[PDB]
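The next block holds one structure in the form of structure tokens; read it before the comments.
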RNA sequence: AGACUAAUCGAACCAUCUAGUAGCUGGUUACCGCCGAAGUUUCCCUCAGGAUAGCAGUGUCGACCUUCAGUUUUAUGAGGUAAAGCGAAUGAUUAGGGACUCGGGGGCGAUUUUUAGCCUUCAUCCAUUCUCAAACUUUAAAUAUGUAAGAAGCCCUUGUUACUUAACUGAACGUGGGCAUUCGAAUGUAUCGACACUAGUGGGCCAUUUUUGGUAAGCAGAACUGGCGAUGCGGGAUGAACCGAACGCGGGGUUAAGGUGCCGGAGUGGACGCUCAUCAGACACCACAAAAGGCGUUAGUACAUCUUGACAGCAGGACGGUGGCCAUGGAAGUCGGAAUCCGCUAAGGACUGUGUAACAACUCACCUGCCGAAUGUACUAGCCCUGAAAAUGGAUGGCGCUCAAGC
RNA sequence: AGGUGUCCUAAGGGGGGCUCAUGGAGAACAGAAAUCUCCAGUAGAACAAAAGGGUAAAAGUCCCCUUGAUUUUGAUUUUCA
RNA sequence: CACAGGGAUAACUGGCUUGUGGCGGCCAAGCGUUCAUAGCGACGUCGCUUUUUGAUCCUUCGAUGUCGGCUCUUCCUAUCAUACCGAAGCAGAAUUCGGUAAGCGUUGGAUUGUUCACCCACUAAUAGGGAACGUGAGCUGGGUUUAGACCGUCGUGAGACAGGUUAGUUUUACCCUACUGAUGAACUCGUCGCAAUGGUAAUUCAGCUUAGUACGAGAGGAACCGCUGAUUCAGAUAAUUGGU
Ligand SMILES: [Mg+2]
Ligand SMILES: [Mg+2]
Ligand SMILES: [Mg+2]
Ligand SMILES: [Mg+2]
Ligand SMILES: [Mg+2]
Ligand SMILES: [Mg+2]
Ligand SMILES: [Mg+2]
Ligand SMILES: [Mg+2]
Ligand SMILES: [Mg+2]
Ligand SMILES: [Mg+2]
Ligand SMILES: [Mg+2]
Ligand SMILES: [Mg+2]
Ligand SMILES: [Mg+2]
Ligand SMILES: [Mg+2]
Ligand SMILES: [Mg+2]
Ligand SMILES: [Mg+2]
Ligand SMILES: [Mg+2]
Ligand SMILES: [Mg+2]
Ligand SMILES: [Mg+2]
Ligand SMILES: [Mg+2]
Ligand SMILES: [Mg+2]
Ligand SMILES: [Mg+2]
Ligand SMILES: [Mg+2]
Ligand SMILES: [Mg+2]
Ligand SMILES: [Mg+2]
Ligand SMILES: [Mg+2]
Ligand SMILES: [Mg+2]
Ligand SMILES: [Mg+2]
Ligand SMILES: [Mg+2]
Ligand SMILES: [Mg+2]
Ligand SMILES: [Mg+2]
Ligand SMILES: [Mg+2]
Ligand SMILES: [Mg+2]
Ligand SMILES: [Mg+2]
Ligand SMILES: [Mg+2]
Ligand SMILES: [Mg+2]
Ligand SMILES: [Mg+2]
Ligand SMILES: [Mg+2]
Ligand SMILES: [Mg+2]
Ligand SMILES: [Mg+2]
Ligand SMILES: [Mg+2]
Ligand SMILES: [Mg+2]
Ligand SMILES: [Mg+2]
Ligand SMILES: [Mg+2]
Ligand SMILES: [Mg+2]
Ligand SMILES: [Mg+2]
Ligand SMILES: [Mg+2]
Ligand SMILES: [Mg+2]
Ligand SMILES: [Mg+2]
Ligand SMILES: [Mg+2]
Ligand SMILES: [Mg+2]
Ligand SMILES: [Mg+2]
Ligand SMILES: [Mg+2]
Ligand SMILES: [Mg+2]
Ligand SMILES: [Mg+2]
Ligand SMILES: [Mg+2]
Ligand SMILES: [Mg+2]
Ligand SMILES: [Mg+2]
Ligand SMILES: [Mg+2]
Ligand SMILES: [Mg+2]
Ligand SMILES: [Mg+2]
Ligand SMILES: [Mg+2]
Ligand SMILES: [Mg+2]
Ligand SMILES: [Mg+2]
Ligand SMILES: [Mg+2]
Ligand SMILES: [Mg+2]
Ligand SMILES: [Mg+2]
Ligand SMILES: [Mg+2]
Ligand SMILES: [Mg+2]
Ligand SMILES: [Mg+2]
Ligand SMILES: [Mg+2]
Ligand SMILES: [Mg+2]
Ligand SMILES: [Mg+2]
Ligand SMILES: [Mg+2]
Ligand SMILES: [Mg+2]
Ligand SMILES: [Mg+2]
Ligand SMILES: [Mg+2]
Ligand SMILES: [Mg+2]
Ligand SMILES: [Mg+2]
Ligand SMILES: [Mg+2]
Ligand SMILES: [Mg+2]
Ligand SMILES: [Mg+2]
Ligand SMILES: [Mg+2]
Ligand SMILES: [Mg+2]
Ligand SMILES: [Mg+2]
Ligand SMILES: [Mg+2]
Ligand SMILES: [Mg+2]
Ligand SMILES: [Mg+2]
Ligand SMILES: [Mg+2]
Ligand SMILES: [Mg+2]
Ligand SMILES: [Mg+2]
């Protein structure tokens, strides 16, 4: 029984099938600012600035920006309490996250949709609601006559 | 040695095949799998019968050969050496261990008890499921009674419960008897050594025509 | 139990690619309409790729006997599970309605073959129109010409609270 | 003699006994770990902007 | 002889140091009220013991802050287990066919043979075929898991700097202004945040699903959750852990698990069937029984025969060519060897036996007369029976029970 | 089922040209196997060592120059109180 | 050799398990001159038992006296003999396989501490086991297992050896229950009787006769009744003989 830094990462850090080789070059052209939401995904090819296996899949908030790395803040759950962790990750491993895009899309839409009604003068009912039970309707059997079914007798295949 | 078969009846461990990690396993007991006229054409033998399992258990290598010999003798005597083809479709790849309590930990005491109790290889066994096929026989249509009796006689060497089913296919092919007969008349079936190959109309047109001359008229 | 026949009609939820899906109808024997719907989804899950989460129920009705005061013979086709394997049978019954035959069949299979309600499928129930299509011999004797029979050795009924009778009873009722 | 080696049977119930406490987020995070070069300049920037806004009463009126 | 030295000797007896030390046994004194545990993490010549974190009590302060959550919904990330795959890589594995001769082996036409002659047995290659993988994989679930759902928000205008840019171009932090008529998913909030001091515990055990070593164990070792320990009450006759359900002192009403022939509070209650045991059977955990058999009985599957009349019994007949070809002291159906046609018919065989030196006689086969509606073979699964042998007398809890008081 | 108490002035750092294992067809002595030439070749080679991951105008291979294996102290991750 | 403790931990019974040990089935290639199943049974496979030995460590370390024999009672059947029967490759005689059956029996000695074993002789027969591996306030103390002493191998030495050898203290019942016998209050004192329930007993062999008969080519060679005695056991008795 041993506990190394990369123990148990046989499949986690490996590249996929038919995906070895050159790193797509658009990765290094992205930009980050403090307060952004990023998520960690370790790339096997790059061996520098690689975070521990615990953070492979977690999401955090950028708090520092440097020449080729960003600082992320993530919350770790030790038994009975949470702890704040600060890690340094090379940009080949981080990626912008679409977790908050639905919220940012909705706030812009709400502001403009509320503006037009206030000029017009009608309530909007803007906030969302869960799915409701269906309503009454009618179904016609014209040229859609139902077909009768029945269970089938036992039969041997092989 | 050779503990009674009652002690290794239930699948209780993950599969343990022979590899570069375990070494020194004894050579299995069964070698031959096909018997009889094992090179007849498909058209000669249109009747097939099966011996289907009905339990999730383990079948020893020793028992597999005992049933093979028992069924072979009856078929040869009553149907002729050239009137059937028998195939055994269960292969033993699972290795069962033994803890020699007195050989390893007797006389000279060394260490006795349950201390260091990982065992040594002792034999080879086959894993089967519900509905799995065990033994198949193909022959003529006039040998239905002989084939059924031969299979019924050889189940006394197996533990558990087994059934006998007369298949609805043609020989060992995975086609219905009616479907294969009419497809062959269309020229889409070509003869091979004891088996057949089928036309697939998804290649270059040149050699599909010579391989199946009767398909195109 | 105490059953009655329903008809229940279901449908796959309509979608933009397939508006107006097909309609399926079954006949189900069930104590009440709450379990009548449940059996419909069970039988349909074995024939088409439809679930309850992606379907809906169009209509459920009650079918009543047309002539519940006429005696007639019935025949039932069914499959069931034994302790090892599945089988098919065909039995017959004599009574006045369709509903009671299913009641009689369920009690019959539970006694002679130890088959529960969980493991019986009903394929088809048909009323035998003629008299020469009766197969089983325990119904042929009940349709003989000029049937009549006595009832020997029938115990009289005595109140269960009246102990210590004063004279010997008789069995010639 | 021999005894039990390890266990985790009652740890989950013990932790949830009085809650799993998440530290409170707050408006102004600390600047520990930020690179010093940006830290030095940020100090000079805030010194000037306070003086300019202080002069707003007898001065620029921006 | 480790013998004897005042009943004391492998180091005498008497007082004092001395209330010698003990991680180890034993005990530790009135009542009521409220809250209420741990056998687990890290280190120790540590494993019968201590320190450290956790679980626990009490004292409070900050607001009554509208903050919060062992939960669902909507949007968006991570994974390599169950299953699946091998005419897909690596590893294992069964069988024929086609193509090749110079790969090895054995022949042939004069083993002539440098004859790519004629043969062929392995090997090789190509299109197919039968089974597998805890330390193999192109694919890939269910259950669980990270983040987000705004006032500390969104938008416009333009000050500071020693950082950054060719550059007031950016970057962080800001002044001023604009946006509520609705602060932007559900449900709950019978319990919000922070601090101080300290007790006991650090031998654990049982069960459903997943699961490792072992022939197996009331055996040894783990993961998620619920229990006993620390806990009575109603059912399982009895029984720390199973089912129902958790407790201040009483009165009336209704149930749960389990029960209603008697012991025993409440049915010898109702409907349709199955079973007869000279070892019946009788309620989860649970206190045991298997392979293989039955013309005991019940229900069912398939095929074949039958009013042109079968199955059983009795009753009539049982014919030619021809003693066939052969065999021969003699064999005429019937020692033996090798063939199997025809006449007459409704039917009787160049015959299944008995039998003659050899014929004969006799039987069977086949068909006919009598009768009155069913019959034959092979399989499937219910209760019951055989398989079924241990030591004091004996236990469905007991009595006893048979269209049950059994299933 | 296996491994460690070591080894290296390059087997460390920068730059540049080239492409490997293997197979088919050819050339005096030369053959199963020596050196030379062309075509195919997704890594089936190589990278000090146990096993897993990673690498093709390179992280492999040869050539050219060098000592970031240096100086002053802080923050962060893994085992974890 | 000593002390503080431990059934958190071994050596013996009991409990769970049955690998090994023992015992019993199912299938049918073949053996048996011919013929799978009179009598056997390969290759496989399903069970039972707790008189073998292992595995485990739940109960006892402020103690449950630890080998064997002698003595005495009872229970189990997987039946060695005896009673009555069914099968055969059962002519007779002698044997072999199976059923109902535990009523009744199962011995005397040489060597060894032995359990186990091995020979001599008799017999209808000399079957296998349980009861805390029955049985020490019942005995005995040969063995093992304190202190004395000797040898061999090992150790520099003190000493070690499931290697051999010789000498070595065996305590208490009057209490409660159980068992074997003996008295006895209450309804006046006596004599003569009935019988609920509990206990229960007999066992085996030989000679004569049937008969040198049935059966068989021969060699060989039985049985039922009938008659008279004997072995093991049980309850009494003292005329005679013996002992005191
Ligand atoms: Mg690990
Ligand atoms: Mg990956
Ligand atoms: Mg490095
Ligand atoms: Mg055995
Ligand atoms: Mg296992
Ligand atoms: Mg512990
Ligand atoms: Mg708990
Ligand atoms: Mg001495
Ligand atoms: Mg003195
Ligand atoms: Mg003295
Ligand atoms: Mg002294
Ligand atoms: Mg003193
Ligand atoms: Mg003191
Ligand atoms: Mg003292
Ligand atoms: Mg209280
Ligand atoms: Mg409380
Ligand atoms: Mg210890
Ligand atoms: Mg203690
Ligand atoms: Mg508290
Ligand atoms: Mg995987
Ligand atoms: Mg894994
Ligand atoms: Mg799998
Ligand atoms: Mg797949
Ligand atoms: Mg493969
Ligand atoms: Mg392969
Ligand atoms: Mg081949
Ligand atoms: Mg896997
Ligand atoms: Mg999610
Ligand atoms: Mg500790
Ligand atoms: Mg402590
Ligand atoms: Mg313990
Ligand atoms: Mg303790
Ligand atoms: Mg218990
Ligand atoms: Mg355990
Ligand atoms: Mg234990
Ligand atoms: Mg409780
Ligand atoms: Mg109780
Ligand atoms: Mg009970
Ligand atoms: Mg009832
Ligand atoms: Mg009552
Ligand atoms: Mg009744
Ligand atoms: Mg009877
Ligand atoms: Mg039956
Ligand atoms: Mg029938
Ligand atoms: Mg007839
Ligand atoms: Mg029985
Ligand atoms: Mg009873
Ligand atoms: Mg009983
Ligand atoms: Mg009861
Ligand atoms: Mg009834
Ligand atoms: Mg009752
Ligand atoms: Mg009932
Ligand atoms: Mg190891
Ligand atoms: Mg270099
Ligand atoms: Mg380089
Ligand atoms: Mg380079
Ligand atoms: Mg690789
Ligand atoms: Mg750890
Ligand atoms: Mg103990
Ligand atoms: Mg056993
Ligand atoms: Mg033979
Ligand atoms: Mg037999
Ligand atoms: Mg055998
Ligand atoms: Mg034992
Ligand atoms: Mg013990
Ligand atoms: Mg003790
Ligand atoms: Mg005691
Ligand atoms: Mg005692
Ligand atoms: Mg003696
Ligand atoms: Mg017996
Ligand atoms: Mg006998
Ligand atoms: Mg007796
Ligand atoms: Mg003697
Ligand atoms: Mg014993
Ligand atoms: Mg004893
Ligand atoms: Mg004594
Ligand atoms: Mg003794
Ligand atoms: Mg005693
Ligand atoms: Mg002695
Ligand atoms: Mg001594
Ligand atoms: Mg002394
Ligand atoms: Mg010496
Ligand atoms: Mg000695
Ligand atoms: Mg002695
Ligand atoms: Mg002496
Ligand atoms: Mg006495
Ligand atoms: Mg004579
Ligand atoms: Mg004589
Ligand atoms: Mg005699
Ligand atoms: Mg006497
Ligand atoms: Mg005298």
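Protein chains in written order, with the entry's author numbering: chain LT, 3 to 160; chain LI, 2 to 218; chain LS, 2 to 174; chain Lb, 2 to 63. Just so it is clear, CB atoms sit at the ideal spot from N, CA and C, and this is done for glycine as well.
Closest by C-alpha distance to residue i, when choosing among the options
i: residue 119(LS); options: 171(LS), 49(LS) and 31(LS); result: 31(LS)
i: residue 134(LI); options: 52(LI), 48(LI) and 39(LI); result: 52(LI)
i: residue 58(LI); options: 114(LI), 185(LI), 6(LI) and 178(LI); result: 6(LI)
i: residue 26(LT); options: 142(LT), 146(LT) and 47(LT); result: 47(LT)
i: residue 102(LT); options: 63(LT), 157(LT) and 150(LT); result: 63(LT)
i: residue 55(LT); options: 49(LT), 44(LT) and 142(LT); result: 44(LT)
i: residue 54(LS); options: 43(LS), 61(LS) and 103(LS); result: 43(LS)
i: residue 189(LI); options: 175(LI), 217(LI) and 158(LI); result: 217(LI)
i: residue 166(LI); options: 179(LI), 176(LI), 152(LI) and 177(LI); result: 152(LI)
i: residue 104(LT); options: 130(LT), 122(LT), 125(LT) and 79(LT); result: 130(LT)
7 Å Cβ cutoff met for residue i and residue j
i: residue 172(LI); j: residue 43(LI); result: yes
i: residue 65(LT); j: residue 42(LT); result: no
i: residue 100(LS); j: residue 6(LS); result: yes
i: residue 126(LI); j: residue 26(LI); result: no
i: residue 169(LI); j: residue 55(LI); result: no
i: residue 121(LS); j: residue 91(LS); result: no
i: residue 64(LI); j: residue 155(LI); result: no
i: residue 76(LS); j: residue 57(LS); result: no
i: residue 23(Lb); j: residue 84(LT); result: yes
Counted within 10 angstroms of its Cβ, other Cβ atoms place residue i as buried (16 or more) or exposed
i: residue 94(LT); result: buried
i: residue 129(LI); result: buried
i: residue 27(LS); result: buried
i: residue 61(LI); result: buried
i: residue 29(LI); result: buried
i: residue 46(LI); result: buried
i: residue 98(LS); result: buried
Supposed close pair residue i, residue j - CB separation, criterion 8 Å
i: residue 81(LT); j: residue 12(Lb); result: 6 Å
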